[PDB]
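According to the authors' numbering, the sequence shown is numbered sequentially starting from 3.
Ideal Cβ placement from N, Cα and C applies to all residues, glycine included.
See structure below.
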Amino acid sequence: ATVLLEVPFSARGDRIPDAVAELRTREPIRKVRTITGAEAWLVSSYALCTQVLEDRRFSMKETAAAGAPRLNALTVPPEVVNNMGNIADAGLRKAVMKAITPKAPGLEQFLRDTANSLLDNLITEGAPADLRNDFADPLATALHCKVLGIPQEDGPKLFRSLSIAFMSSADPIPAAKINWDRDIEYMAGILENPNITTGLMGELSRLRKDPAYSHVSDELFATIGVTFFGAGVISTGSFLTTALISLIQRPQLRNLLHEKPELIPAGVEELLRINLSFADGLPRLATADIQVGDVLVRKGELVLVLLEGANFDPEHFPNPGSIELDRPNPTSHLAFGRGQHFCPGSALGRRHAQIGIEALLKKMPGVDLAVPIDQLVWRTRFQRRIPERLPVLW
Ligand code: HEM
Ligand SMILES: COc1ccc(C[C@@H]2NC(=O)[C@H](Cc3ccc(O)cc3)NC2=O)cc1
Numbered sequence: 003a004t005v006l007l008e009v010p011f012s013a014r015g016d017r018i019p020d021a022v023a024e025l026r027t028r029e030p031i032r033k034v035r036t037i038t039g040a041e042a043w044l045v046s047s048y049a050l051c052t053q054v055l056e057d058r059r060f061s062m063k064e065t066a067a068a069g070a071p072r073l074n075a076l077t078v079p080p081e082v083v084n085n086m087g088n089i090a091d092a093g094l095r096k097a098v099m100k101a102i103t104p105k106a107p108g109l110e111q112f113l114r115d116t117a118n119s120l121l122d123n124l125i126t127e128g129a130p131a132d133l134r135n136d137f138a139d140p141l142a143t144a145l146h147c148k149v150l151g152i153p154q155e156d157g158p159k160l161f162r163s164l165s166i167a168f169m170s171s172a173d174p175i176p177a178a179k180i181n182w183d184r185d186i187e188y189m190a191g192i193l194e195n196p197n198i199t200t201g202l203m204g205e206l207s208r209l210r211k212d213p214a215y216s217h218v219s220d221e222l223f224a225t226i227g228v229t230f231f232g233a234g235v236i237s238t239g240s241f242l243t244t245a246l247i248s249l250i251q252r253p254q255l256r257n258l259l260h261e262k263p264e265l266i267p268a269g270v271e272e273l274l275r276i277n278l279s280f281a282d283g284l285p286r287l288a289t290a291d292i293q294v295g296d297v298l299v300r301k302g303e304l305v306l307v308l309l310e311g312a313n314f315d316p317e318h319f320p321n322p323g324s325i326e327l328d329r330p331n332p333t334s335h336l337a338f339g340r341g342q343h344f345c346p347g348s349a350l351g352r353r354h355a356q357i358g359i360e361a362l363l364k365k366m367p368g369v370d371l372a373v374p375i376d377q378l379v380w381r382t383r384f385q386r387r388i389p390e391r392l393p394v395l396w
């Protein structure tokens, strides 16, 4: 006898398990057990993944309900699971989204300057260099301090909350609450700090004193800062880190992008499509009985949308494991989600990765792993797949 199939399948972000294609072919919606012991429906085809993400009756907010089957334990207050809904209800969606585009004057130049400086320091120190801890993550952290309008020197401590905040744990995490409360206090102080006049926090600080927003809670204003820093930094840093592995392991593509950097956006779009950064399916709770393929999902059941199930589906992306810069549907992947909860930072995430890769290929055209790929240490029980260190030479 065997137990019910358990998720996640593997924390390795450098290869997709053969099991994904087998599940997609035979049972594209199938029952699994999560790390909490709850049962859930794992959805692994493009068609069914899009169906779930485009049907709001599969609710993100309701995953936080007491007594629901859980993918993992909450690391934020339950109301924060509805973060974007709360922002929209407060009338703040347009302002938040405008503050996090890559189009602000000097922002892309700041990204280039920061990437080039980080790479120069690695070259000066000499190989081996750690492209996660000393390139991709500091670049993400610096970018988000700039976007938020907060001091660069405050970034590292905020960043160090993230190895706990984005855990995917069976049980509540005491350190997550300690860091959350402290980071909220920091952002509340930022709102009261007269020097904070630019970026997202500068804009929220002004809106907070605008009579049209007098009803919006100070709790929400501080939460926007903590959540956008955390989600943005963990997502951009982890994506860039694993995209760099994908690129390093494809010297032909690395050389092509080095020779023709105008192909970098199309390359990054494929790197997004094949990216394994999300360690768990996206969770949703059914609020009605809904037919998904061969399964009638019942009200109150947990559904997990496996992004790499959709993104490696050969019925949507022929030869799905291959990076093709001339696909007819290149942005139709689900790396940024789909539907109501589509990532509001997608343009900034694209630009972070494009500029980081452009700078790396210019400064380190001979970049290669400095250890055998199997020697990378993949973080476990985390909401992202990332190597703890990414040792390279050039
Ligand atoms: C390459 C980088 C990124 C990737 C791959 C990514 C991925 C995703 C995905 C898949 C979702 C959908 C989650 C779901 O439906 O359950 C999402 C939502 C979200 N992302 Fe991103 N993200 C990235 C960058 C960013 C950045 C830079 C920010 C902010 C500065 C950000 C903030 C958010 C927020 C707040 C949500 C929730 C939106 C909602 O619930 O409506 N992300 N992201
Ligand atoms: C791209 O990753 C996500 C992850 C989760 C959600 C759902 C919902 N929306 C959010 O805005 C924050 C994100 C967050 C921030 C900080 C933190 O310590 C933990 C999580 N929490 C949520 O639960 C959305 C996107």
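So, helix, strand or coil for residue i, using DSSP?
i, result
"residue 211", "coil"
"residue 203", "helix"
"residue 132", "strand"
"residue 1", "Beyond the ends of the chain as shown, which are 3 and 396, falls residue 1; an answer cannot be given."
"residue 386", "strand"
"residue 61", "strand"
"residue 182", "helix"
"residue 83", "helix"
"residue 91", "helix"
"residue 16", "coil"
"residue 371", "strand"
"residue 319", "coil"
"residue 303", "coil"
"residue 326", "coil"
"residue 44", "strand"
"residue 395", "strand"
"residue 228", "helix"
"residue 7", "coil"
"residue 193", "helix"
Is residue i a contact residue of ligand 2, with contact defined as CB to any heavy atom under 7 angstroms?
i, result
"residue 77", "yes"
"residue 203", "no"
"residue 108", "no"
"residue 82", "yes"
"residue 70", "no"
"residue 229", "yes"
"residue 248", "no"
Just curious, the alpha helix (DSSP H) that residue i is in, first and last residue?
i, result
"residue 172", "No alpha helix (DSSP H) holds residue 172; DSSP gives it neither H nor E."
"residue 251", "Careful: residue 251 lies outside any alpha helix (DSSP H) and carries neither H nor E."
"residue 271", "266-275"
"residue 149", "139-150"
"residue 33", "Residue 33 -> not in any alpha helix (DSSP H); beta strand (DSSP E) instead, spanning 31-35."
"residue 2", "Since the displayed the chain opens at 3 and closes at 396, residue 2 lies outside it and no answer follows."
"residue 294", "Unbroken run through residue 294 is the beta strand (DSSP E), 292-294; no alpha helix (DSSP H)."
"residue 360", "348-365"
"residue 167", "164-167"
Where do the N-terminal and C-terminal ends of the beta strand (DSSP E) with residue i fall, by residue?
i, result
"residue 110", "Here residue 110 belongs to no beta strand (DSSP E); instead the alpha helix (DSSP H) covers 109-127."
"residue 288", "284-288"
Should residue i be listed as close to ligand 1, given that the test is whether its C-beta is under 7 angstroms from any heavy atom?
i, result
"residue 267", "no"
"residue 463", "Not covered by the structure: residue 463. The range shown for the chain is 3 to 396."
"residue 189", "no"
"residue 88", "no"
"residue 102", "yes"
"residue 51", "no"
"residue 168", "no"
Just to confirm, is the Cβ distance from residue i to residue j under 8 angstroms?
i, j, result
"residue 428", "residue 26", "Past the edges of the chain, shown from 3 to 396, lies residue 428, and the structure says nothing about it."
"residue 169", "residue 383", "yes"
"residue 125", "residue 365", "yes"
"residue 167", "residue 234", "no"
"residue 75", "residue 136", "no"
"residue 297", "residue 131", "no"
"residue 269", "residue 327", "yes"
inquiry  = Taking contact to mean 3 or more Cβ pairs, one atom from each stretch, closer than 8 angstroms, check whether the segment 309-327 and the segment 364-378 are in contact.
reply    = In short, these stretches do not touch, since the Cβ pair count stays below three.
ask   = Within the chosen definition, does the segment 95-104 reach the segment 340-355 through at least 3 CB pairs nearer than 8 angstroms?
value = Look at the beta carbons and you see the segment 95-104 touching the segment 340-355: at least three pairs across the two are nearer than 8 angstroms.
message = Taking contact to mean 3 or more Cβ pairs, one atom from each stretch, closer than 8 angstroms, check whether the segment 74-88 and the segment 216-233 are in contact.
response = Enough Cβ pairs lie closer than 8 angstroms, so yes.
query = Taking three-plus beta-carbon pairs below 8 angstroms as touching, is the segment 150-165 in contact with the segment 182-192?
reply = Touching, per the Cβ criterion.
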